[PDB]
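Student: Take a look at this one; I'll ask things after.
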Amino acid sequence: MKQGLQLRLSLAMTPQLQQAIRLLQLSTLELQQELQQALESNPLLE
Amino acid sequence: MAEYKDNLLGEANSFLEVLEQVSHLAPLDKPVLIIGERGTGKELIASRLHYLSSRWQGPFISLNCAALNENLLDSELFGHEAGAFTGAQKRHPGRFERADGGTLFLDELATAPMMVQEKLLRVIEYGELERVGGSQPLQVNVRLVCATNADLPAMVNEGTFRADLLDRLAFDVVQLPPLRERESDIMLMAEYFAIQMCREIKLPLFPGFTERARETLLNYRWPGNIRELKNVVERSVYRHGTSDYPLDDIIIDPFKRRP
Amino acid sequence: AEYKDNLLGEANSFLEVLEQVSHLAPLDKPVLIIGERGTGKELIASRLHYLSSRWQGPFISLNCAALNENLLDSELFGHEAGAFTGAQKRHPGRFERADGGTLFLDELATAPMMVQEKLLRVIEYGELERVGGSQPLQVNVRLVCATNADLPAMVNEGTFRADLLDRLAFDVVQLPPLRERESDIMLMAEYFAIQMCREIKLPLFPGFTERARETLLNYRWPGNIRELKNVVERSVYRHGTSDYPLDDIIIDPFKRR
Amino acid sequence: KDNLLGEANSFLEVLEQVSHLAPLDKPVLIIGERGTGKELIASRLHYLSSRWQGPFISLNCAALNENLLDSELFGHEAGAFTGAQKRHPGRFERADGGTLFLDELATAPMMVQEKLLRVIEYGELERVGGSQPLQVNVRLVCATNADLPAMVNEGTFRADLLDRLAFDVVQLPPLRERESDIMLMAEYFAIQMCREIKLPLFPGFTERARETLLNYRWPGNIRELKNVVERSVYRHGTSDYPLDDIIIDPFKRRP
Amino acid sequence: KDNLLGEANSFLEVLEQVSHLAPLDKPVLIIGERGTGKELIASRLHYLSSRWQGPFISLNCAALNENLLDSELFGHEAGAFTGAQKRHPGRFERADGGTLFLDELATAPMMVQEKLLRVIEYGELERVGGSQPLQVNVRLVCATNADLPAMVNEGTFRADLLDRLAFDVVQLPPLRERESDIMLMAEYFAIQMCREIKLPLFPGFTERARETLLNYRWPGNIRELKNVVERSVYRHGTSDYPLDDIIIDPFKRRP
Amino acid sequence: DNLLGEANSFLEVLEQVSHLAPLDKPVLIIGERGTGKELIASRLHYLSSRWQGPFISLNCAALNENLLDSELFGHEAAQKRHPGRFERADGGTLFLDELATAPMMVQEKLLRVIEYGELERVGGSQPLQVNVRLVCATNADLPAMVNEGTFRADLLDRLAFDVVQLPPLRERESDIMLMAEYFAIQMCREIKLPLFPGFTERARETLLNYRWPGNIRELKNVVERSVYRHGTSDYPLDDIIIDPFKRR
Amino acid sequence: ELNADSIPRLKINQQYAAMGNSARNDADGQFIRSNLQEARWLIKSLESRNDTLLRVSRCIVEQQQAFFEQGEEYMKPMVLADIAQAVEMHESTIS
Ligand SMILES: Nc1ncnc2c1ncn2[C@@H]1O[C@H](COP(=O)(O)OP(=O)(O)O)[C@@H](O)[C@H]1O
Ligand SMILES: Nc1ncnc2c1ncn2[C@@H]1O[C@H](COP(=O)(O)OP(=O)(O)O)[C@@H](O)[C@H]1O
Ligand SMILES: Nc1ncnc2c1ncn2[C@@H]1O[C@H](COP(=O)(O)OP(=O)(O)O)[C@@H](O)[C@H]1O
Ligand SMILES: Nc1ncnc2c1ncn2[C@@H]1O[C@H](COP(=O)(O)OP(=O)(O)O)[C@@H](O)[C@H]1O
Ligand SMILES: Nc1ncnc2c1ncn2[C@@H]1O[C@H](COP(=O)(O)OP(=O)(O)O)[C@@H](O)[C@H]1O
Ligand SMILES: [Mg+2]
Ligand SMILES: [Mg+2]
Ligand SMILES: [Mg+2]
Ligand SMILES: [Mg+2]
Ligand SMILES: [Mg+2]
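Protein chains in written order, with the authors' numbering: chain A, 1 to 10, 13 to 48; chain B, 1 to 259; chain C, 2 to 258; chain D, 5 to 259; chain E, 5 to 259; chain F, 6 to 82, 88 to 258; chain G, 288 to 382.
Right under this line is the structure:
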């Protein structure tokens, strides 16, 4: 509408973490294998 | 190199010579300006010019002239490189930028903003333009197509149209034969429109036109060159019955008072 | 689908209008409805769209007059992708509604001259109103118009272009005046009274007094349906428990005491 | 250098004045003369100047938008809007010492004139909320097709805008006034058009008709008058056709 | 330190009044014709003021539009505001303790005047998301060419605010009104240009040039003198041949 | 606490203002380019139980409507809990200035704040009702201007129970000479002047032939201009600085 | 509703978190903090993926109720963009 600039207040590049999260939800039974694989590496998750 | 004659109708008058002149001027890529009949026929002239232009020459970019009050029009004409100009913050190409090597079918809307015409003067100055917030200018090439519906010299004298706007444009003027002046293919164009309307309505047979209808059409002013006549034919077909006694009953237009 | 003509006008003029609408329903062209304030024009257009061969997909009766700005109406006709920022609604949806459908507008005289020119340019080509950085889409859409103001009056005013007025006006539907219609008015009033007695779930229908009916007929009632429904509601609020035929008209909120 | 010249005594005097003013980076307001002042001449003058070695660049004054004029002076500002976050310099700052040729000067807004003349006369490159403005001495020159004193009498242009000019307003003679190389210029334009019209040469020509066509109003521009030759050549479309009995009146309807 | 082009008895009185003006940051207003250059004299006085080494603000007011004080004047150091995440400086805030000269404050928005009313009345008004602002120690200065006496009568500015904006307003006499030392200024400009144009020496002005300068209207006053100097640079001719007369007119035809 | 010229009508008005000061009712004030009751408003806040209470005085002209509700306790999407307009003024004096030229959106917000409305912003769903004593001033617009449709009628109804009338400086100027002398002494201390050389009684009477459009502001400006013109304290001044915007 | 048995669930090791918080070795504490951050990101991602799948399924059912009830014959012609429109996610998230 009327031309202007920012006069009041109101995105993201998902990295490898959120990128693999998006790469997740591909399957469920297969997702369990990857989750077990991650839980093996992560020592603070049960 | 294709015909694409389309619905090129009403050439029995000197419009055949106008089409010959248009064909002669078609190879040139210089500025193209016309004077369409007020109310009808400018779109047909533009389509004929586009057919005259090579099909592979480029896209036929058509814009209806508008004032500069809408900043969107300014972004379309000059471009939009910086943010908050048009589209995304990136270099969203404008309408002029959208046309690269194609026809720029201008409209003689006689828009109130002379500033818009002044900006368009730079659009065709050396074949270059700069987007809104454009860090570097861009030299572009495109064909130009224009038309008219009023007396350009009258506006030039009255100051309604910029003198430089007329000077830069209008390499040659193409005049459309008026409906009150053409008057030649009225029977032929009327028959073509009637056939098309009958096909659309799935009419079993051609109803035919009485001689009184032809006399009335001759007496008719016909403000629109090829659209008002077609609209009148459609209205008559709506109020008539094909190959039946209702064929005599012809309706000029619903705007006219009912019989 | 099938046209709905509930409480159709008993006047033969309404029947002739319906016959013309049925004749034009197989056809696909714009229509102009010469209506009045609350005359019932838009409902007639909706009924025609129901009778307009198939159901004709989406049917939208958006009015440019009842819009905050002409720019909003233009955005409804077509929204350029990425133009400005944010919106009250998905503007391209209004354009998509006409796709596989028709175009219906109310009080078209209020449309801006630039908006009217954009619409005239769209209608001849059929393409989308806003390019949005891409070639506009030619959706197969019909059209319909309904303005109380006279088209020749607009032409004299010059707000609408000659081509706009000509190509826009393909069919004319002159709504009979509500005050002029009497038998149709009585039939519609009886139908509305029955429908209200059913919907309000009143155990017994009060009916209508002869004096009350005469007074209702004496009223100008420009709103053939809108004012009729308002008066029906005014009488219903003064619920007489099927025993009071006074039918007091409290439709005017300003009127009191 | 590359641009063709009028090759006239008045044209020679104008070229000499341009050469004298070439080393000067001061503002110029050479009269646009309503289409008769070849912008290519100004480009060649900038080429002669050291601004050719610098970043010489021009722009149209009236091209900018009303709400972005401050941006137009200073480019894209980093804090102007949420999306763009970069202190992009202005077009003048994109030149920053080059030759800035101002076109559409008479069409600039009153507020635009008040901002631009004030900034140019004195002031440094200050963006939206900048820390410290940066002074960039950029060579300037302007064009005005109309009479600036007429605007001053009308008051449309500011007196500061009148003083913004630092060099003498070079004015080109009108096509009716100059009319000196009309034969040679017409021959050059005809050769260029024949090359453009894929015509090797014109077997028919008439110098008397060319002189008669020179004896015309030639309104709009001298280049506009030359375009009449191209229009006539295109209409004829033939080589063995003398220039005699040939008049280019595209606006006029033929009988 | 402070180079001065004006050496006159009225100029001497004005300079003494400048000496009579101390760094009180009072709402004094320097009034002069177009090209008066009184802003330079005000900057020189600010250098001579208590803040011998202090900040100075040019602050071309015409560049401000649709922007509050916290946009460029006060600044937006607060984050998460309108736009991206950053902290912006403020010209008025950064100028605290220095000089805040208003460039052509006559051409200002009505809302700008409304804000400046409180800004000058209190001195601690604006804040980008702040509760209590801090009073600025800057020195308020201003200079333009319009006559506020009629603008206030016309309602262009708030009479109460303008009166509060006026404390020791001083009007500089025009150079045309002065009509003295024009020859000395011309000689100084000739020397400066000969240095600039690398000329051997000033050609010299005869009695005809002196009479023309005396008879010159000089509506621009000091601006007219600068324009005449630029023209004489253009009209330098030969150093050996003294310039009998030197004239300039933007619309004067060459013949 | 507050220093001003004293007049009998002004003394009675000040006494009434002090009496109303302990009351926390909303205040709507009209000024005449003099003290403008801003000093009177501060003295009222000091005399009230809100002496230690907040005395936020917002000059409502420089804000942007896009954040107007943000100013009046509005926060949205990183840092939150920003002090609102009423929140920062809660528990004490809440003064509004520059009300003559405020936007109509500000008028609607004030109408909402008349019943104290509520501030359900993303930063906080506060019910407002801070109960702090409201006060309004800078009513440059005449009552006819309000009747001219400039402001909402409800806001005028929502205004204070009474109106603070201000008389012109021309109406009462008996102590104007004393105030001018005090201002001259203050400026001499500020200008590091040795001492006041005095004033000419004939020149004082000549200067008295004025309407004082700026009232105390005009008196102070005239005194400052005359002192600057004198530039010395050898002999008493015998001239009047009629106007800085006067040709000479 | 999502199948409760089928949905995987992760729990943060409270003993490990307590040990890392009170870890005497600074390097061990930093490693524990990094592992906790990674695990929290993974858990949040898994929960968000499950919730998004549930919402997408609900939206799909809203429009496919006709095929669900009447049968395969009353299947509405639907596209990926059709489902994407009813939700705030993109067609890529739909895929
Ligand atoms: N031979 C023809 N072929 C196709 N269309 C024609 C022909 N003759 C007339 N027309 C019609 O005449 C109309 C001219 O309209 P147009 O010139 O665009 O109106 P305006 O001049 O008012 O802008 C077109 O819509 C076109 O359908
Ligand atoms: N023939 C009819 N039978 C039953 N109801 C009708 C008829 N014509 C109009 N109405 C009623 O009149 C009401 C208003 O119609 P209309 O005036 O066309 O709408 P709008 O206010 O959009 O113009 C509708 O709700 C409709 O139910
Ligand atoms: N000597 C020349 N030779 C060829 N073309 C010229 C010559 N002088 C001007 N032109 C043409 O004139 C056009 C520019 O017009 P110009 O005189 O610059 O208008 P304005 O005076 O408004 O700037 C250019 O496109 C250029 O081709
Ligand atoms: N004291 C002075 N001595 C010599 N030249 C001066 C003096 N003051 C101003 N000028 C001339 O005035 C011009 C700039 O004036 P300007 O700053 O536009 O006046 P204003 O203060 O009215 O804006 C300079 O080119 C300069 O040559
Ligand atoms: N009784 C007084 N004692 C001391 N100073 C006063 C008195 N009355 C007015 N003034 C001075 O007059 C000035 C008027 O300022 P302000 O209240 O902003 O005026 P306005 O009400 O027009 O906005 C103040 O700065 C103040 O110093
Ligand atoms: Mg309606
Ligand atoms: Mg048209
Ligand atoms: Mg030009
Ligand atoms: Mg100046
Ligand atoms: Mg005040």
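Idealized CB from N, CA, C, for every residue including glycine.
1) Pairs of beta-carbons, one from the region 228 to 237 of chain B and one from the region 246 to 258 of chain B, closer than 8 angstroms: are there three or more?
2) Using a C-beta to C-beta distance shorter than 9 angstroms, which residues of chain G count as neighbours of A/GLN20?
3) For ligand 2, any of its heavy atoms closer than 7 angstroms to the Cβ of C/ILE226?
4) How about F/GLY41 and F/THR103: are their beta carbons less than 8 angstroms apart?
5) Grab the span of the alpha helix (DSSP H) containing A/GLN35 for me, first residue to last.
6) Verify the CB distance criterion: does B/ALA84 have a CB-CB separation below 8 angstroms to chain A?
7) Could you give the residue range of the beta strand (DSSP E) that holds C/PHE105?
8) Here's a check: name, in chain order, each residue in its chain whose Cβ is nearer than 8 angstroms to the Cβ of B/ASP29, leaving out the five neighbours to either side.
9) Reducing DSSP to helix, strand and coil, say where B/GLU128 ends up.
10) Using only the heavy atoms of ligand 2, determine whether one of them is closer than 7 angstroms to the beta carbon of B/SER243.
11) Please find out if some non-hydrogen atom of ligand 5 comes closer than 7 angstroms to the beta-carbon of F/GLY41.
12) Excluding the 5 residues preceding and the 5 following E/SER62 in the sequence, name in chain order all residues of the same chain whose CB lies nearer than 7 angstroms to its CB.
13) So the candidates are C/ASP164, C/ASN141, C/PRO204; which of them puts its Cα closest to the Cα of C/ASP244?
14) How close, in whole Å, do the beta carbons of B/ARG38 and B/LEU19 come, if the pair is a contact with beta carbons under 8 angstroms?
15) If you count every other CB in all the chains shown that lies within 10 Å of the CB of E/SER75, and 16 or more means buried, which is it?
16) Between A/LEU5 and chain D, is there a C-beta pair that is closer than 8 angstroms?
17) What does F/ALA147 reach in chain E if we use C-beta pairs closer than 7 angstroms?
18) For residue 295 of chain B, verify whether its CB is less than 7 angstroms away from any heavy atom of ligand 1.
19) Quick check: is the beta carbon of E/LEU28 nearer than 8 angstroms to any beta carbon in chain F?
20) Mind checking whether the beta-carbon of C/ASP107 lies closer than 7 angstroms to any heavy atom of ligand 6?
21) In this structure, does DSSP put C/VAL173 in helix, strand or coil?
22) Say the cut is 7 angstroms; is the CB of C/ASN13 nearer than that to a heavy atom of ligand 2?
23) Can you check whether the C-beta of A/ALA14 is within less than 8 angstroms of a C-beta belonging to chain G?
24) Tell me where the alpha helix (DSSP H) around F/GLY134 begins and ends.
25) Hey, is the region 183 to 195 of chain C in contact with the region 208 to 223 of chain C, meaning 3+ C-beta pairs nearer than 8 angstroms?
26) From what residue to what residue does the alpha helix (DSSP H) around E/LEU152 run?
27) Would you list, in chain order, the members of the region 129 to 143 of chain F that have their beta-carbon closer than 7 angstroms to a beta-carbon of chain E?
28) Please return the same chain residues whose Cβ sits closer than 8 angstroms to the Cβ of F/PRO177, not counting the five positions on each side in sequence.
29) Reducing DSSP to helix, strand and coil, say where F/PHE78 ends up.
30) Do the region 152 to 164 of chain E and the region 112 to 129 of chain E touch if we need at least three Cβ pairs shorter than 8 angstroms?
31) Spell out whether any CB of chain B is found under 8 angstroms from the CB atom of C/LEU229.
32) Identify every run of the alpha helix (DSSP H) within the region 200 to 249 of chain D, keeping only runs that are complete inside it and at least 4 residues long; order them along the chain.
33) Does the Cβ-Cβ distance between F/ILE226 and F/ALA147 come in under 8 angstroms?
34) Between the region 84 to 97 of chain B and the region 90 to 99 of chain D, are three or more C-beta pairs nearer than 8 angstroms?
35) Please state the DSSP three-state secondary structure of D/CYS146.
36) Is the Cβ of E/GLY94 closer than 8 angstroms to any Cβ of chain A?
Tutor: To lay it out plainly:
1) With the rule of 3 Cβ pairs closer than 8 angstroms, the region 228 to 237 of chain B counts as touching the region 246 to 258 of chain B.
2) One finds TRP328, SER332 in chain G with Cβ atoms closer than 9 angstroms to the Cβ of A/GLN20, taken in chain order.
3) C/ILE226: yes, Cβ under 7 angstroms from ligand 2.
4) Contact: no.
5) 31 to 43
6) yes
7) 105 to 107
8) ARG143
9) strand
10) no
11) Flag set: Cβ of F/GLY41 near ligand 5.
12) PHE105, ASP107, listed in sequence order.
13) C/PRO204
14) That pair is no contact at about 20 angstroms.
15) By the C-beta density criterion, E/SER75 is buried, having at least 16 other C-beta atoms within 10 angstroms.
16) yes
17) Chain E residues near F/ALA147: none, gap ~12 angstroms exceeds 7 angstroms.
18) Coverage of chain B is limited to positions 1 through 259, which leaves residue 295 of chain B absent and any answer about it impossible.
19) yes
20) yes
21) In this structure, C/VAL173 counts as strand in the three-state DSSP scheme.
22) no
23) No, because no Cβ of chain G sits closer than 8 angstroms to the Cβ of A/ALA14.
24) Here F/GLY134 belongs to no alpha helix (DSSP H); instead the beta strand (DSSP E) covers 134 to 136.
25) yes
26) 152 to 157
27) none
28) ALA12, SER14, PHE15, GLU37, listed in sequence order.
29) Coil, per DSSP.
30) Output reads yes: the region 112 to 129 of chain E touches the region 152 to 164 of chain E.
31) no
32) 211 to 218, 226 to 240
33) no
34) Verdict: no, contact absent.
35) strand
36) Taking Cβ atoms only, chain A never reaches closer than 8 angstroms to E/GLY94, which makes this a no.
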